[PDB]
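Protein chains in written order, with the deposited numbering: chain V, 109 to 215; chain G, 197 to 335, 345 to 392; chain R, 72 to 155; chain S, 1128 to 1224; chain Z, 3 to 149, 161 to 186, 199 to 1081, 1092 to 1176, 1187 to 1243, 1254 to 1445; chain L, 834 to 919, 933 to 980.
The beta carbon of each residue, even a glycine, is placed where N, CA and C say it ideally should be.
As structure tokens, the structure follows; a few thoughts come after it.
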RNA sequence: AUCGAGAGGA
DNA sequence: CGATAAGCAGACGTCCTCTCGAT
DNA sequence: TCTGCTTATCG
Ligand SMILES: [Mg+2]
Ligand SMILES: [Zn+2]
Ligand SMILES: [Zn+2]
Ligand SMILES: [Zn+2]
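What follows is the structure, given as structure tokens:
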């Protein structure tokens, strides 16, 4: 995890996938001054594993192409460091049930 | 009780209805947009009204917003390639010297706001200082006459199409410039 | 390509759309004067005959409710619950 | 009388599927066509009364299927065919494999 | 089907697009074309072998298709073809052909970049054919090399291919190009190579992009009839097929001999030109026309275009048989679901009925009556394709009715028809009605069915639509019937309420002076259709038997109905007869108004629809109307002009109010004229004046209006119509008797259309109210001429605003519907779409249909912790906090029992957990929420139908209540899955309802307040469970369409304040708008400190952007060469103050006003250091002190500097920054109210300072210290998508849509807006409802056709060779099939 | 009189209150393509003349048009003419299937190009019915 | 009957 | 020569009832 | 009224 204090060049973000495993996560500092997950509109996202994901994909008859998708640039996808297709559970609170499970795949 | 005003044509009494259009031959100043290079435009639509539709729409624009200091003023011409600077237009007409031009635009030599607003056009036309060259920009040595043709038989035809009057077109363009700059000063 | 009669997850209650399709198919069968399967207490309107057979559940049909993955499950009109 | 798409919306929201097919096929234009099971277009010559069906350009003379569609849809598919687009109509969702 | 065949009726399932291989069309075609002449020199039956004759069919309608030989009706038209030699481009693909050449070098015949290059794996491996192309073509857009990083391949250069007009050539490095070359390099292009471009090896190959031979459509695409028999007839398309051919002949002429420089391409250019325009007229270049004038051309594309084209106009909708239309009129003595059908229309429409033993008698009689006697029949159909025409046939009375025959009988009384009112905004505008044949040519309606159609009886015409099979009349009777639609999913309320005369007279009937005698009461009693026949005992007997309106009205209300409602002043004795109490279907106290019967949420319609059923409520409509209409008939009600005449003292006393308003305005004017107007923050010294004086005049107007309203006696008819809410509002009274007020154009006072005056009867520069559009007179008083003119200006703006916002609204609904359409709850109760992609996992997040939901409260959330303590506490182990033995058979038998207090403390524990959980979500303290079962209406339905003794003990133990409640929650069901995910989802889905359930089914509650018994309690358990299972949605319900409508219908009624409000806001919200007109921040203070105005002013002073340019009076440049001695006479002291211990001599002086330096607290040192910090060491800068009189800043640079100083000043006025945030523009401190928990438990509202800004740069605004970065709100949801993730963007977007809707006093239930917000949110980031927002998806080509771009989508699908599963609506609707929608979701069999 | 509607006095209406005259003036002319063929006004025959309107021609005189004073209702053929082709073919002009009244008068006069051309004015009294807009 | 415009009613 | 950021041309805002002219 | 080709500015 690379905390930079001001900003980087296009040649510095050209080496993020350099090392095959262990991929580096380039974060600004003005972004991490305040916790975005501490804002009310942001729920508690929760990572899950390939086994929990396969349980989702069979206990709902779903292909990956069907999940409500999230992107690698998403701020709370960065916050939890989502890789390709890593699924998250989302506990949303609402006026109808007061608790709702959302599932999101990572594009 | 029938009032008339219609035309019986193959039985039906067809009616000509009144049509609305913006008046020709009047000085209008419209600001172009917020995100544009041109911040002000002086339009005049021109037709002879005895002849049928010598449609000539003259646009005298202004470049740069409130922040930009390159307040260069250009103007468009019928049949021209693109919008040429105004001092080149004046040198094309009877007025060569810079400052005698000013007497056609600014009508009180103690108006330093409007005077100062005009300076960059002189540098846009620094590179031209005689009549023969002013027409020459307009575009093979016949171009000058071509330019003069555009100056006589096309540009600003709502005055005349005789070669004898070019002071009238000059003072009138100066009046247009005065209106444009007077709006740009927020007056 | 199948499902069991056990291990069924869909609602046991009849949907209004299942009810309407059943009553329409039955009333069509009765309009084409096919064999009727109850007694009529002075009821000649074929849709109301369908509704009578519905309240009796002597309409031998099955609903094949389809699942988005190509699966499905069968529910006999004899089996479903009707509270609409 | 027009049955506008603003009305098709309402006839979807209620859930009247068969009424919609009715008021879009039987109470309006409707048409029967012969489709080649290999080509997929309205190529099959339909000379009935002798069970004579054949598809030029595909040699099909046993694998032909009749269908019901609006004549406006037949017209649309024909205009596409004249515009070089081939909206092939296939009778089953399953491919051979 | 018009015959039979040895062929089966298959159904269309999947549709594969593509392109026509020339190799294919040459074989598919039946005949060639030889020459262009459409007609014949002989001009005989044939037209000639050359065009549209040979084995293509013909026109004499007898037996004319050579090929089909089956006539003119069964001939589909067997395509022909030309075999032109020179191939040309297909205009739809022009851009694509440009792009396809970009990826292949011309001499290679293979891709530019191979798999060796690693700048392709991110792009070539997409495997999603036509999405990959967008990136991989930009990859190949500019590579000129085509040959270890160098393998086999050619190495020649290729041009930067450009196109002009209808061809493409470009310079290699200076070059030309041709068309056949393009076709050539695609036959040579490999098989595996174009497959990554988005293509197919057999269905669409780029060699077929170029067309060598085009097909010709059959004659059914070319009609020809004429008024004159002896002339020609031709369709427009044929003209130009013949033009293309005529071009095909020019090329043969230029083939026979040489072709000079012009004849080289001039002929081919025009031939391809005519082929191009065969497909398209408008290319934003050359426009062209047909020989017959009028800019006319085929433009086959324009056949399919939006406005009235094939796809959007002939497939989404059709002219349809069995249809009707006429004017409407309202008939009280019609029942609600009935429709008045004129006799001639029911004499015209036919329903085919099959012969069966029960109808054969009446069918025979109907045939006997025939077409002109009403209960008759137009035709009779035998067991063949033989029709019998009853209106003139020989055997019209000599019929032998065999069984199974069809009789097309006239539309009969009490049948199902579909009634329509255009525009069909929502699905309550297309409802099934029950026929009643009436005379007089006008469709008759019930009164209270105006509202769902939005129709007055002033001419608004309506349509009627008739079924043709048994299944469809069943579908109308059981899905579309009016009583079903009584209570509505949108707004979770009923749409039909008692309206206008019934309602106006209901208030008159239920007053406390309204008394009725026997002679009248008897007729009223017989008027009610379904009643027992028992005279009610007169409420008052004494000197004269009299009746109250509540009494005889409660005969219409069925027994078993109970209703509570409380208003301002409603004690248990209502002295102003306020509120309403109903028990056992009888009125106890109140005046009946719109609140109780006007389609309200908690109203008698919503009560009776759920308790008794739909039929009872639909009949209740008529049962109430038939009494109240009558009582009005014999009592009467009018409205005169004396109803607008208020007292001489009153009318005068409002004029003095306007006079004091005029004094106020004149005084503020004379103030502003003396420069003493201290304009407040962020507002112009002019804007202050405008806003303040408008406030003055609007306050004076409202005061005069409410000074007239107070003077309306209880006789005033306008007041009595407002009182019932029949048709009336406050402002109507104000404008008609007090003062109309102030008109406004473009959200501002009257304009200065004339130079420095408003009208040439006024002086110049008059900013007075009369000169600025205020009307001191009322409609009764009489407007003066100038006032009438200003009112006309305002009204004309109102008219255009209506005529424009309605169009925008309709477009909004179109986009919404076409986006959400086919969002249908699937069988696993999961909101989905055609592809199967989940939108919601649980519909509405609880799986509950919006019809059954109801606004009920949760007593746990509000109230002190001590008042909560008084409830629900059961301390058996305490003498005082236990259930008194007065409430239980075993009250003192279980005092101190340990094993019971275990369960009782467990119950209290989950009650407290519940209270904190609900308080954690609903932080406002609001408990009134939509919940699926009305529990209190069960408790009164048990306190009533079990006859509870309010003094005796109950017969259930604590065990009974507690474990029965805990077992009830185990059987409240939404999902039935067998594994942990679905069980957790079911728990989550019923969480909130279980909270309410325990809130109202607690031991202390049940035994003290409700006083239940065991039998009735078990009944209540079964009843709650059954109502819940009833409230759950049904699979197949299309809530996407319904949600689009539930947003669209309210948007229609949104006619019109510092922000973009209403319909413009909705248009930018839906279009997701990168730039908006009102961006803003709502800035909340520190959690500990929120009421200190000092820190609020500080934060305001640290956020507002401030430019040095905003304080510079003058920026002037001097020559000042020797610093120690300046030239300026008031500056030398400032230079002397540089004594405390090299240049350019070009000075730069700046002068700043002292006002703006104090409006925002500012010192010369701060600005000086900011300038010095900007220019770090490249500008010497000094200044004069703050204590001076003239603020001055002086700068000097550290040859050719006459010009290089001014640009420093320019960057020093623009790119500077003082204390402030970049994009912020202003800020205002305002004290909001905020409900918050007081320590003792009660919710008290606290005030807190909040900052409202202009502009948004939230990314660093929240980081600013001293604020709450857990609360700060930006109205721009698009920035919040980028800052706080997406799951916060969904929420902000719903909040914005909500505030839009609920700004009109409106209410849409959360389901539909949440569904819309989700469906835009699930597709990665924000997706707009536009032609490129959502329709850019991969749903289905035929599905995408129905929306804006049509032939673009069709062409791209033919090129990319898409595959349509036809699992959405529009797909099936195109081919006229039973869409797997609603009734079609499930298959039926044996 | 609900929702912007009203009641009208039938006794007043029967006296003639808000009563109207409505004249629809139909028109035709022959010789569509003169100097080659020529159409002719007449009451046609039912034999070898093809497109015979299913309505009755029996209110037409031998010059092929009605006289003022005749009652007309529904698909009555008001003007009859034929178009010859190689016998005559029907070109008659029926009434509007929606209206009914009485022939007010007939105007026969040649056009600028000399050709038979006719204007037939039909008149109907309209009484205020139950749905008429006011 | 086809096209295209204009005029009104919702 | 791989990004960036200005241009400068691109599109659509339910029914329905008459009449007319000229292909 | 927003977009998706270009085009030249920038490092
Ligand atoms: Mg109306
Ligand atoms: Zn084939
Ligand atoms: Zn044929
Ligand atoms: Zn190459």
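Residues near residue i by beta carbon distance below 8 Å, same chain, minus five either side
{"i": "residue 1394 of chain Z", "result": "858, 859, 860 and 1423"}
{"i": "residue 355 of chain G", "result": "273, 274, 275, 276 and 334"}
Three-state secondary structure assigned by DSSP to residue i
{"i": "residue 384 of chain Z", "result": "coil"}
{"i": "residue 1042 of chain Z", "result": "helix"}
{"i": "residue 378 of chain Z", "result": "strand"}
{"i": "residue 907 of chain Z", "result": "coil"}
{"i": "residue 548 of chain Z", "result": "helix"}
Neighbour-count burial assignment, residue i, 16 or more Cβ in a 10 Å radius
{"i": "residue 374 of chain Z", "result": "buried"}
{"i": "residue 248 of chain Z", "result": "exposed"}
{"i": "residue 31 of chain Z", "result": "buried"}
{"i": "residue 840 of chain L", "result": "exposed"}
{"i": "residue 1131 of chain Z", "result": "buried"}
7 Å Cβ shell around residue i - same chain, five flanking residues per side excluded
{"i": "residue 951 of chain L", "result": "901 and 967"}
Own chain partners of residue i with C-beta closer than 6 Å, once the 5 adjacent residues on each side are dropped
{"i": "residue 718 of chain Z", "result": "690"}
So within the region 933-1018 of chain Z, which uninterrupted beta strand (DSSP E) runs reach at least 3 residues, ignoring any that extend past its ends? Here the runs fully enclosed are 954-956.
Could you tell me whether the region 507-522 of chain Z touches the region 620-629 of chain Z, where touching means 3 or more Cβ pairs closer than 8 Å? Short answer: they touch.
Three or more C-beta pairs under 8 Å: does that hold for the region 882-901 of chain Z against the region 916-923 of chain Z? Because the criterion of three Cβ pairs below 8 Å is met, the region 882-901 of chain Z and the region 916-923 of chain Z touch.
Check whether the region 870-887 of chain Z and the region 1014-1022 of chain Z touch, using three or more Cβ-Cβ pairs below 8 Å as the test. Using a Cβ-Cβ distance cut-off of 8 Å, the region 870-887 of chain Z and the region 1014-1022 of chain Z are in contact, since at least three pairs of beta carbons, one from each stretch, lie closer than that value.
Can we say the region 1134-1153 of chain S touches the region 435-449 of chain Z, given the rule of at least three CB pairs closer than 8 Å? Inter-segment contact for the region 1134-1153 of chain S and the region 435-449 of chain Z is present: three or more beta-carbon pairs are separated by less than 8 Å.
Alpha helix (DSSP H) runs wholly inside the region 1330-1373 of chain Z, at least 4 long, in chain order: Entirely contained in the region 1330-1373 of chain Z, the alpha helix (DSSP H) runs reaching 4 residues are, in chain order, 1332-1338 and 1342-1357.
Using 8 Å as the Cβ pair cut-off and three pairs as the minimum, do the region 1198-1207 of chain S and the region 326-339 of chain Z touch? By the C-beta criterion, the region 1198-1207 of chain S is judged to be in contact with the region 326-339 of chain Z, since at least 3 inter-stretch pairs fall below 8 Å.
Sufficient close CB pairs (3 or more, under 8 Å) joining the region 199-213 of chain G to the region 197-205 of chain V: Three or more Cβ pairs closer than 8 Å define a contact, and the region 199-213 of chain G falls short of that threshold against the region 197-205 of chain V.
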